[PDB]
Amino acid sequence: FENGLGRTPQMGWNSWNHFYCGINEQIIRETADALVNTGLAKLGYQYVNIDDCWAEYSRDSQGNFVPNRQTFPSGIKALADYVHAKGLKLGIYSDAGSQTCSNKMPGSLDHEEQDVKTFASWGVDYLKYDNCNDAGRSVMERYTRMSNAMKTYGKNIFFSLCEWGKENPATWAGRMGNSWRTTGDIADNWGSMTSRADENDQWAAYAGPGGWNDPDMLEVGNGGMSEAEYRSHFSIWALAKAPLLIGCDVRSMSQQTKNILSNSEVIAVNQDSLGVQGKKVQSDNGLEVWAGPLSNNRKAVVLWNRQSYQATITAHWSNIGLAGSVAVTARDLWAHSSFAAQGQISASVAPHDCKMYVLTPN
C-alpha cells in the first residue's frame, strides 16, 4: 500500500487480547499514560488501538457511528486528542460487514466513505477492518470498497486488514492495505503462538515496506505462556517483520514482561530499513533456525528450541545467507553481548526458549 504509512511494521497496543469486549475510555487513556511512563512509547510503540466494542449498537439518525454512550461517553475525538497530546496515535476498529464480530456494534459495509470521513474528523490514525457478517458478498468487493474510501478520505490512516488469511491475502492485500492477518486468531498458549508463526512463515516473500504479513497481536504478558515462550514469541514476531502490537495490560506489567517488550535491539530487527521478513531456514526434530537479511549486509538469526528439553542448536552460514569464509561480529540480543563468529554459531538453548543474534560482517 503506497500511502507513506507502514514503511516499517506498526508498533503499538491493542485492547483485544486482554480486555476483549470489556473496554472503555478510561482504560484507553490510562494505557496511553502507561505507554509513556513505562518508556514503551519512546521505543516506538505509538499506536493505541481500540478493538471491538467501542460503539453503540446502532448508528444515529445521520447514519454515523456513535461512540458507546456507556463506555466511551466522552467520544472518540476527545480520546484521540488525549492520545495525540501524549505524542501517540489512536487506532479504531470496524468490520467489512453489517456488524463487527462481537455483534455488539455496526460494521462499515455500504457506509465506508461516511465512516472514513467520520474517523478522519475524529483524528483516527489507524483502522483494523474485520471480516464478520459479510452479507454474502465477496472478500474482494467488501475490502475494495473500504480501500477506495481510505485512499480518498483517510490518507493518513493506517489500513490493517483482518480477514484471517482467507484467500491468501499475502498475494493481493498489499494493493489494498498496509498489513493483513494471515491466520485465525492467536490465543495465549504455546500451540496457538507456534502455529501462527509457522502458518505466517510461508508468506515471507510477499512482505516489505508498506505491506506486512500479520501473524496477530502479541500475547506477551497475559499469563498463558512462560517467560521463555514469550521471549521466543517476541523474537520471532520481530524477526518476521510482524506488527508489534502489545496485547497485555501495560498498566500492570511484571518486570519480566517489560524486559521482553522493551528490548530495543530486538525491536531494531523488526524495524530494519531493508524491511525483509525473516523466515524458517532450518528445522531438525523441533530445533529450528530462523533468519533473514538486514541493512548493511547484516543478518538476523533466531535459534528456537521447540522441544521440552535443553538442546544445542547450530545455525550454519550456508542456511542464513553467508559464505563460509565470512567472519562476523555476533551480537546476542538478549544477553546484550558481542563475540566473534564464522562458519556457524552453536548454543545450548532452553526448552521453548531461544537465542537471537544480529551478525555484522567484518
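One-based numbering along the sequence shown.
Remark: stretch with higher mean C-alpha B factor among 65-73 and 22-30 is 65-73. As the entry records it, the average C-alpha temperature factor is higher for 279-287, out of 279-287 and 119-127. Going by the entry's values, 256 shows the largest Cα B-factor out of 256, 270, 192, 264.
Ranking 103, 183, 94, 232 by the C-alpha B-factor listed in the PDB entry places 103 at the top. The entry lists a Cα temperature factor for residue 294 that places it in the middle third of the chain's modelled residues. Among the modelled residues of its chain, residue 8 has a C-alpha B-factor that falls in the lowest third according to the deposited record. Residue 81 sits in the highest third of its chain by CA B factor, as recorded in the PDB entry. For residue 314, the recorded CA temperature factor ranks within the highest third of the chain's modelled residues. For residue 216, the recorded CA temperature factor ranks within the lowest third of the chain's modelled residues.
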